[PDB]
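Inspection log for the structure reproduced underneath, given as structure tokens.
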6 protein chains.
Amino acid sequence: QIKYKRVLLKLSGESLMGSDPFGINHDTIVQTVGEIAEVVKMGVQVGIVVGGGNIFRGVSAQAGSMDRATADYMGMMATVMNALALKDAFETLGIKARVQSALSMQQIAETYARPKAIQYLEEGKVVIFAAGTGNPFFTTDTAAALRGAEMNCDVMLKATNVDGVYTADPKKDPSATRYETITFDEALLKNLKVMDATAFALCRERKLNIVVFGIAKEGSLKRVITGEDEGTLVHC
Amino acid sequence: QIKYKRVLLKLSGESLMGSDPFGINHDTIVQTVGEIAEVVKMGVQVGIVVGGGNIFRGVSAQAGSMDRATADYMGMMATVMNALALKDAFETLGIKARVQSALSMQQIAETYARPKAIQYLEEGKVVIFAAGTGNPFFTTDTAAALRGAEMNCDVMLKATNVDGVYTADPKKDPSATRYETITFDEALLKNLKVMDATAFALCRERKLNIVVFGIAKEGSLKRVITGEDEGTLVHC
Amino acid sequence: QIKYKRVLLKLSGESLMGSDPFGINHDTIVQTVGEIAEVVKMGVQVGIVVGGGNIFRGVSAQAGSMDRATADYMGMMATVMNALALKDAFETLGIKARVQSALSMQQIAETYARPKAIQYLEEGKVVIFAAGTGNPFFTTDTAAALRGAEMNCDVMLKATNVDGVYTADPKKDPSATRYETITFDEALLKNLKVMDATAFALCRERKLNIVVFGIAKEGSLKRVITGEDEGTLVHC
Amino acid sequence: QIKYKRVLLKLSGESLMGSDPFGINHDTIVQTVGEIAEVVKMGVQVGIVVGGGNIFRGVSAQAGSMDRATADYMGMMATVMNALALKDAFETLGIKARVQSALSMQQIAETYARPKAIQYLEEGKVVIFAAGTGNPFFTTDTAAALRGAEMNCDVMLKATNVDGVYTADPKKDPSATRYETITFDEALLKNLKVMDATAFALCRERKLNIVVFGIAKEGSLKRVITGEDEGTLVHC
Amino acid sequence: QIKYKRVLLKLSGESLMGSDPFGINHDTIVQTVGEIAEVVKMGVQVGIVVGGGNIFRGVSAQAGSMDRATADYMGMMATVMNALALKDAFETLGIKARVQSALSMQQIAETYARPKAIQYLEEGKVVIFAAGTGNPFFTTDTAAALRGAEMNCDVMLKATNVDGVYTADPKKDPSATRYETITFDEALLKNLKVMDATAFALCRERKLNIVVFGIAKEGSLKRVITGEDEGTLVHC
Amino acid sequence: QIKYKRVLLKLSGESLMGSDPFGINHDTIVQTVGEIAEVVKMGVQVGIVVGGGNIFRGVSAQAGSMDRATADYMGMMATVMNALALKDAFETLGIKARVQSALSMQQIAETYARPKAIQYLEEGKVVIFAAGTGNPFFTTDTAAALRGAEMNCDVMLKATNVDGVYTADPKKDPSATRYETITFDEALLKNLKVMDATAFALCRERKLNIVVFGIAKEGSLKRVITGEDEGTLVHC
């Protein structure tokens, strides 16, 4: 029935953007939350680390002439916005969700705390991690590996705009094939794009396997959770 | 020389958007900052309260489907992003600035604390207040009034897309006139929309005068603080 | 049986003062807590926003020559004292209660957080909100509307020294009559005293109805909760 | 010239009450502040620990019926109120003052942090410590000792309703004498109540000398810091 | 069956040191946690205040030339380390444990809060109090009395390297006898070593009885909890 | 005169241990501090990131049996202890220093905040960063890089038990040579272990140059900041 009991779902801000060129598209987020809700109702404990690219865009231009760290702090503030909207959407579906921020925040969100988050998962709630790792110069993928290892998740579900890992950029090379399973070293030796070095190393060092898939492809989240053939499995 | 020593300048997030559809427009924010950097060098202590309408656009549509309290929190997060961008802008021009948030932030900003805010104002720095009043259901203009009165500002400068208060909409009828100066009661009596009732009410009770004025027009700010004829002055 | 499931009870500090000229009168608070306990045991979820006038009195005089904001901060510190004593009194009756402060406090009380407070209500505990809205220049009534709207309460129970809304000050006009029901506009058109403008506007804008009643009039809290004829109902 | 450079002055909340039955008496607080403003201008770094007995009166009766830990917390809240009032008083006389709380406060005060407190003392400001030790069951005098030793104060000044330590109660017998100077051991041996045992014990272990003295008597403070004959000196 | 329902177990850092000359000895802590686990599974609610002498040793030498307060802060940081390891050890045995610090800490531990800790005990979890009282110049024993009184524990279990209270130092006087029961005054009159004055006074003033025993003596924790003859009972 | 104006000096906890088996060795810490106190007086702004290996030794054995996240937290607590000891050392030599923690601490230290850290650096103070990145699974060297780049340091000084990077281990073969200067890519290509990959990767992306060098050797630090030939320089 269920292959992965506890998962850390990594969603980029862009995933909530749909076709729009900025922000959150109501239809996309509803479709996404609903799909996550489905696996939760199947009893899966879900942890979500969400990015802020969809909202950073509106401030990307100015970022250029800003101190990178500061630009990154705005990015983190952007994730919190997606975290909030994401939670609101779950409550609408009858699923309770809690937002834990890596940087302490008064009323918008609870501060990250391992014991509480684990509990929340157990209590059947979706835990949404905001503000990445709390530090600049680190990617969302990195924050996903960190929270994943901390939450003792069975695997990290890296959701992307491609339904898996290809021998080469499929969107620009129709003859590209999707790997069904690959190793960390293989991914490296083959210069395959899975995630940034730092995040990749963290997943290895913590023995956190990764499944790359395309969330927007209706039904694949459930397929991966159930063990069907979907996306690429990267293991150590 | 100087008409107003300490001023609380209210900036809508939209005033940093320029002609863009969303976010922060580089040339616009650089222009606005520069103009304030001008009065600052003239010995004016300036506190800023900024909205998040420009960034809120990308999540506005979704907001409608969300709880309002949660929507306002996203609005407050948006203002933090503008506050950082603004703060960084000032540094580039050699001016020192600090970001105070109504809600506690870990490393993005310092929590609001009157004694320190006033402290900075004396040290001749720019203080940008973010997160508004820290509470949902309150408008940015109310935050400005709150902070303006708390900071013991000589006047609140309401920057807007108009150079003053008119007896009628000039854009949709070039036959009206720009009030040079009105009184709170007259404004209310003549249904002149200066700001929402709560915000407006606070200024009166704290006896904080307002000066509505378009900041896009170069020189406008420089004019108001010097005492020239510019924008409407709502006083008591 | 029960007309209002979730209520925000607004108690002024003076209500806990009884006949004494300052502070908390043991007999009054016990009578008050007991009455609130009764409706909780009937299954009503109660949220309480409490004032500090009864304790502010001792420092009222000095306040006069103090900066208003500072005077207001003392008021907020006063509510926390009533919040504490109020909680202690419930624990004595076997009812668990939690104090959420609008301003973060280390060990005296938990910081306000919407998700937790809602939960507390559901868990059958009385939630007592202290420190108003966290900002100076705002009344307790305002803090009651805010928390009320945030807690999604069915109605706000404004407890006062009069058993309802009269055509004129009853304590000084024996021929005054009590309205059984009135509208927001009616209350305004008639210059009826319900609460301050800001708080009143917030209740309207959030569609939070109000029931004005006299808590000290033994048995009326239960009567209002049950639907009997008691106090004045102000709705939009 | 100056006998004590840095001093930790202990003020009971009652010493701000004057002849009133409760709260803060305007003329009294203005008198007391003024007297300290005097030694401050003389280059004395002054830290203050204030009790809350004056405000605690209005809730004392109820306290008896409450848990003691909770009662002490209300006592600590009371001290914050006096701290603010005191702080404001100093500003009026042109003196800068900061309020450090043992327990974290959001905007009412700054959390205690030694490096900053000492910082202020050097900057020639008045530092008023509130919330005592931050723990229930500890007396105000213990907080004074704690802070006195932490601040590396030359001496702790215990202001009281008496101008010194006597061989017997002078009020209830005008035949005793005011010890000019005693030693901790002598005090204990002769059962001279200077302060509770814990507080007293701390001063000795940290080697912090005490100077009991009535502050109501004009000039008293001025006398002690200058070295004149005034109040008992408990030393080691 | 069970004589003490809720206990505050005071463990010195040295107890976790075993024979080693520094730090935590895996075997000792496992033996200790297991023994505590046994009484928890019997339904006893356990509160633990732990010291840091075992880890302070490594920095004792440098402490000598440091400001005492600072030296004490390092001690508190040391308790947190034992608190952490202590918790980890319980989780391994299947017993949930929470670490509450007297000084607020972001992700390492929850800040001390009476309502939550009581709850935790009730929920069957072991609560471990770290950082003493939060202030320098106070012993661990003192922190044990404080938390004990706050948690309304039935008795404070002072674990030590001696199996009770002797007529004189047994390790250096073979003819020393163990008291089975003694009074506070008796302990004092006889100059018996139970704990430091401050801590002792606090236990008396709060009517918190004390049982002195040797935790390392396998099986005595259970014996004391069950009412058997073990250790010395000090009561008021 | 000065080669590097602002430097981020990385100190392993072991470098404060001297020849001892654990903890902090008085003569060693006094020597190391003194050496830095030297370059500071020369107008060099110095930020420090210190590890906790020296203190972690006493809990290392137990760590193996604990969850790694929890082990790393104990490691971070250890670094706070070294930070305090270090800070105190500087005071003794008349130098002012402040301790910034990645994780919020109540009174032991100030929470990390870039604007203030840079503030201090300009005020000519020593800033000691503790708790590393604030996240588990990240090495001390990564924290150094993070902070180094955040602080806009001219270079990161990696103090170690070796005076530079060699073509081969000199200790286990006196036939190699100390690279005078290498480039990131060369280092990686030649498998020269300078620091873990993540840490190393960050320095390159932020363009932060490293200068590996043994600090035990008196004069070493003094040499590097002046520009003399000392230790390997890994640049881009």
Side-chain angles (χ1 to χ4, degrees), chain C residues 13 16-18 20-30 52 54-67 69-89 91-92 99 101-109 111-112 130-131 134-136, chain D residues 13 16-18 20-30 52 54-89 91-92 99 101-109 111 130-131 134-136:
Chain C
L16 311 178
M17 198 169 57
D20 306 328
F22 172 64
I24 302 179
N25 176 277
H26 176 74
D27 294 294
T28 310
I29 186 167
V30 178
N54 64 317
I55 291 177
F56 189 79
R57 293 190 163 188
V59 189
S60 234
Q62 239 294 295
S65 52
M66 290 178 83
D67 179 295
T70 306
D72 282 344
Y73 278 126
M74 295 200 300
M76 285 177 258
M77 285 306 98
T79 67
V80 174
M81 290 171 80
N82 290 324
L84 284 174
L86 219 40
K87 191 192 74 293
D88 184 85
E91 311 299 55
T92 297
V99 173
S101 182
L103 294 171
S104 53
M105 303 197 285
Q106 190 179 167
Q107 321 183 336
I108 316 96
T111 297
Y112 169 61
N135 312 294
Chain D
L16 299 180
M17 194 167 60
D20 299 359
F22 61 91
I24 301 173
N25 175 287
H26 186 59
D27 283 308
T28 306
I29 195 181
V30 177
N54 61 324
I55 316 298
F56 194 63
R57 288 198 169 178
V59 295
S60 195
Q62 234 299 285
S65 312
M66 331 185 283
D67 159 280
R68 177 89 127 69
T70 312
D72 287 339
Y73 276 123
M74 280 187 61
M76 288 175 257
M77 283 314 94
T79 76
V80 167
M81 297 176 73
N82 282 322
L84 288 171
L86 229 49
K87 181 219 178 185
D88 185 74
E91 306 286 308
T92 303
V99 178
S101 180
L103 293 180
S104 299
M105 308 273 140
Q106 178 157 172
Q107 316 170 342
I108 295 67
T111 291
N135 294 308

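In what follows, chains are A, B, ... by sequence order, proteins preceding strands, each numbered from 1.
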Taking the side chain as C-beta and beyond, is there a heavy-atom pair between C:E91 and D:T70 under 4.5 Å? no
Looking only at C:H26, C:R57, C:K87, most heavy-atom pairs under 4.5 Å shared with chain D are made by C:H26
Using the test side chain to side chain contact (heavy atoms under 4.5 Å, CB included), find all partners of C:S104 that sit at least two apart in sequence or belong to another chain. C:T111, D:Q106
With a 4.5 Å cut-off on heavy-atom pairs, point out which of D:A85, D:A89, D:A61 contacts chain C the most. D:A85
Heavy-atom cut-off 4.5 Å, strictly under: side chain, backbone, both or neither for C:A102 against chain D? backbone
Applying a strict 4.5 Å limit to non-hydrogen atoms, the region of D:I29 in contact with chain C is side chain
Roughly how far apart are C:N82 CG and D:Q62 CD, rounded to 0.5 Å? 10.0 Å
Least distance between heavy atoms, C:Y73 atom then D:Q107 atom: OH-OE1, 3.2 Å
Report yes or no: does C:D88 contribute a side-chain atom to a donor-acceptor pair with the main-chain N or O of D:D67 at less than 3.5 Å? yes
With only heavy atoms counted, which part of C:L16 is less than 4.5 Å from chain D, the side chain, the backbone, both or neither? neither
Candidates D:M76, D:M74, D:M105 - the one meeting side-chain contact (heavy atoms from CB on, under 4.5 Å) with C:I108: D:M105
If I compare all heavy atoms of C:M77 with all of D:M77, which pair ends up nearest, and what's the gap? SD-SD, 3.9 Å
Partners meeting side-chain hydrogen bond (donor to acceptor under 3.5 Å, both in side chains) with D:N135 (sequence neighbours left out): none
